């Protein structure tokens, strides 16, 4: 049986692998800065109705595995996740301005991949 969420006019299962990097690929996401970023990203995610299945912060990039509804558009939540986290991180960690004084904490691009929650076998069963 397929894992499926139900909403008003749709049944769905939507997961994405989202990834982005620190501007200039600076390795600044370490220690308390990485810990903070985890809080900030979870708060933004919940504020936006996103479920964070997995989160991993490496020094120069972030990897998220998200579960969403059909109404949450990609450019919208990526903007929330990155734009708001940049704003907060700079406030909470003024020391970031030492390596990133240009007004950006993040690389201006994101990489995103859809993800199958269920197996190909489960899908053919449901689809047949």
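Positions refer to the first chain, counted from 1.
>> If you average the CA temperature factors as listed in the entry, which stretch comes out higher, 21-29 or 112-120?
In response: Here the higher of the two C-alpha B-factor means belongs to 112-120.
> In the PDB record, does 76-84 or 44-52 carry the higher mean Cα temperature factor?
Replying inline: Higher mean C-alpha B-factor: 44-52.
> Which third of the chain holds residue 58 when residues are ordered by C-alpha B factor: lowest, middle or highest?
Replying inline: Tercile = highest for this residue's CA B-factor.
> According to the PDB entry, is the CA B factor of residue 69 in the bottom, middle or top third of its chain, that is, lowest, middle or highest?
Replying inline: Tercile = lowest for this residue's CA B-factor.
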